[PDB]
Amino acid sequence: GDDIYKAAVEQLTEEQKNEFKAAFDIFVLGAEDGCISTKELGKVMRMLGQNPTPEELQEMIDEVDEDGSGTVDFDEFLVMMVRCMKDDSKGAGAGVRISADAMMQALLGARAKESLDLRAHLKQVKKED
Ligand SMILES: Cc1cc2c(cc1F)OC[C@@H](NS(=O)(=O)c1cc(C(=O)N3CC(C)(C#N)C3)c(C)[nH]1)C2
């Protein structure tokens with residue numbers, strides 16, 4: 669199905685998975701299976717400086733969830749995170765819109781912005797201002 673994104677997570681550079689991992693640590697802090705559920709996610713969404721609803725919190729979860737159980741694993745995270753910044757996840761219809769870089773800024777900081785994606789160095793990089 670989403671082989672593009674599914675495989676994309678693997679195409680990423682060492683710096684990508686490395687930085688992304690540093691965030692997942694805190695993102696899935698306390699989770700049952702180190703995943704990102706409505707609770708683990710809702711805690712981050714608000715940490716950025718917002719306050720979403722519980723009904724919507726589940727939406728985004730399953731929206732990216734591969735199993736559709738209500739959680740997001742490592743790969744599943746990169747699958748949506750890889751397109752997050754690209755703005756090619758699903759669309760920008762409703763006002764709601766979560767950014768990848770923004771989130772990282774909370775988990776870690778600016779480290780996951782300029783010195784995040786190493787692909788820009790030599791590897792190909794599309795939709796990357
Ligand atoms: C499990 C997981 C999934 C998603 C995550 C991060 C994750 F941890 O981030 C991206 C998200 N895709 S999305 O369409 O941007 C998106 C954002 C939101 C949302 O609840 N809000 C935007 C907000 C912060 C405001 N204002 C409230 C919704 C419902 N979809 C899907």
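Under our numbering, the first residue of the sequence shown is numbered 669, with each subsequent residue one higher.
Positions of the beta carbon are idealized from the N, C-alpha and C atoms, including for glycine.
query: Close-in-space but distant-in-sequence residues of the same chain around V677 (CB under 7 Å, 5 per side omitted); result: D743, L746, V747 and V750
query: Burial state of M772 (16 or more Cβ within 10 Å); result: buried
query: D733 versus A762, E687, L709 and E682, residue with shortest Cα-Cα distance; result: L709
query: Validate contact between the segment 697-709 and the segment 726-740 using beta carbons, cut 8 Å, 3 pairs; result: yes
query: Closer than 8 Å: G698 CB and nearest ligand 1 heavy atom; result: no
query: Check: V750 C-beta below 8 Å from any heavy atom of ligand 1; result: no
query: Start-to-end residues for the alpha helix (DSSP H) that takes in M753; result: No alpha helix (DSSP H) holds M753; DSSP gives it neither H nor E.
query: Pair within 9 Å by beta-carbon distance, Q684 and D785; result: yes
query: Simplified DSSP assignment, three categories, for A788; result: coil
query: Element boundaries [alpha helix (DSSP H), containing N686]; result: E682 to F695
query: Residues of its chain near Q726, where Cβ-Cβ distance is below 6 Å and the 5 sequence neighbours each way are ignored; result: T706
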